[PDB]
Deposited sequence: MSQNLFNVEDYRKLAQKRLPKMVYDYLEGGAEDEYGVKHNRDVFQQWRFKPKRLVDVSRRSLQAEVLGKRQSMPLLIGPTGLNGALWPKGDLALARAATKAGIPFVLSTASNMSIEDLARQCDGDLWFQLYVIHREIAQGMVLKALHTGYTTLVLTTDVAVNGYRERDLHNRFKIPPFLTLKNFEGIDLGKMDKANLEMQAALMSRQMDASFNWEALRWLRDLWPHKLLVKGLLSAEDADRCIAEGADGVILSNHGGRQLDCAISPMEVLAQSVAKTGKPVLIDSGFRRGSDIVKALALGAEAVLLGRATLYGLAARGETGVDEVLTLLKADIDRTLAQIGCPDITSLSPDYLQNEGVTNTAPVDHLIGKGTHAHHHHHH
């Protein structure tokens, strides 16, 4: 009985040790955030347009100007190897077979260059800045190995207070190593940035630092973790090619608004691509966001449930159900072409 994402979550819960499952499903503090991420979608309902010819439908769409099979992406999630062996490759291959980009996390278990060597799909790289110089190295690595777009996630200045992990004394499984930080120096002055091997990131990274990153990277640049049209607009003003509204899937700040709450506003104010993630499980959630103007939706836990439960095949499976889910929804609301979606198909509840 694997007919939707929730079915995959259930199977994933059965196969993962409790501690790993909690680490994946868990959110910050009371988890009112993850709940809100799901509940916010009920604020909109569909007003389908009847008697529209939907015999020929299209989910094809440009994201940052580049055509892909559907406006979905497998977003950046770290420690995927803890969910399934070579999790990073499995995810990237499923995304490639589906015709959509895959975003590699700075905390991946497979290195930037190894994935590129083993997968020919559209690869994006998600950057966490712990040490500027180290960040510069990874960015150039990604550039030199053909990663098409850079994603700066800015919502982990400090670690989220996830109590499930605290109660389980969650210790990052043995085998899992942060590959991208592998083999890095040890001079005695020419430097002790080695001190920067902590569990905390550079809490000082700011707008000026973004300019630095902007000059460093030549291709499409996105800023992830935004929760206001004002921040999204500033990002564009500073050179970003688009943004990813997100609350990190409820794992950072339990009382953060859902990105869906500032989606329409960010789209109207920035005039640039506004991607989004956090809370997406049903094709309907996805269509609601696209209808409000989102360029694309990034999947977090949805595809991880497929990975955890059945590896690569599970990811392929989750993506085909979601694709068929989206397609079916378009037919039902009378919007044959996904690029024609508009607020017109929605009713605020």
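K.L.:
Map the modelled residues onto the deposited sequence and report the uncovered stretches in sequence order.
P.N.:
Comparing the full sequence with the modelled residues, the uncovered ranges come out as 1-3, 194-197, 357-380.
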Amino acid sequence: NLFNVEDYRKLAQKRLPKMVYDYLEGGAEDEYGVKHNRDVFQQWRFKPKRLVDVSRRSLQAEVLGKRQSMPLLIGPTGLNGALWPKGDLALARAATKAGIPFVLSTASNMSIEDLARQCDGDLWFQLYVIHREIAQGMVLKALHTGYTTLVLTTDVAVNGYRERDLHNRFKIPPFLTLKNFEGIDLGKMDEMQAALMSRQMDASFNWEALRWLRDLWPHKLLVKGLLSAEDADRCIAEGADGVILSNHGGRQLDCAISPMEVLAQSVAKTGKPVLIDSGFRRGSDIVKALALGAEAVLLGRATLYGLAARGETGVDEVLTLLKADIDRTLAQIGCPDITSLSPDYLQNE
From here on, numbers count along this sequence of modelled residues.
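K.L.:
Averaged over C-alpha atoms, is the B-factor higher for 177-185 or for 140-148 in this PDB entry?
P.N.:
For C-alpha atoms only, the mean B-factor is higher in 177-185.
K.L.:
Which is higher on mean Cα B factor in this entry, 204-212 or 163-171?
P.N.:
The stretch with the larger mean CA B-factor is 163-171.
K.L.:
So among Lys35, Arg57, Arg310, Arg301, who wins on Cα B-factor in the entry?
P.N.:
If I rank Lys35, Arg57, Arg310, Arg301 by C-alpha B-factor, first place goes to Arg57.
K.L.:
Among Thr77, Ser246, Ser228, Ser198, where is the Cα B factor highest in this entry?
P.N.:
Most elevated C-alpha B-factor of the set, per the entry: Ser198.
K.L.:
With respect to C-alpha B-factor, does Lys66 fall in the lowest, middle or highest third of the chain as deposited?
P.N.:
Highest third of the chain for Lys66's C-alpha B-factor.
K.L.:
Select lowest, middle or highest to describe the third in which the CA B-factor of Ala232 falls within its chain in this entry.
P.N.:
As the PDB entry reports it, the C-alpha B-factor of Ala232 lands in the lowest third of its chain.
K.L.:
Among the modelled residues of this chain, does the Cα B factor of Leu73 put it in the lowest, middle or highest third?
P.N.:
Tercile = middle for this residue's CA B-factor.
K.L.:
Lowest, middle or highest third: where is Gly121 by C-alpha B factor in its chain?
P.N.:
For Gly121, whose C-alpha B-factor we compare with every modelled residue in the chain, the answer is the highest third.
K.L.:
Divide the modelled residues of the chain into thirds by Cα B-factor and specify which third, lowest, middle or highest, holds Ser266.
P.N.:
Ranked within chain, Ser266 CA B lands in the lowest tercile.
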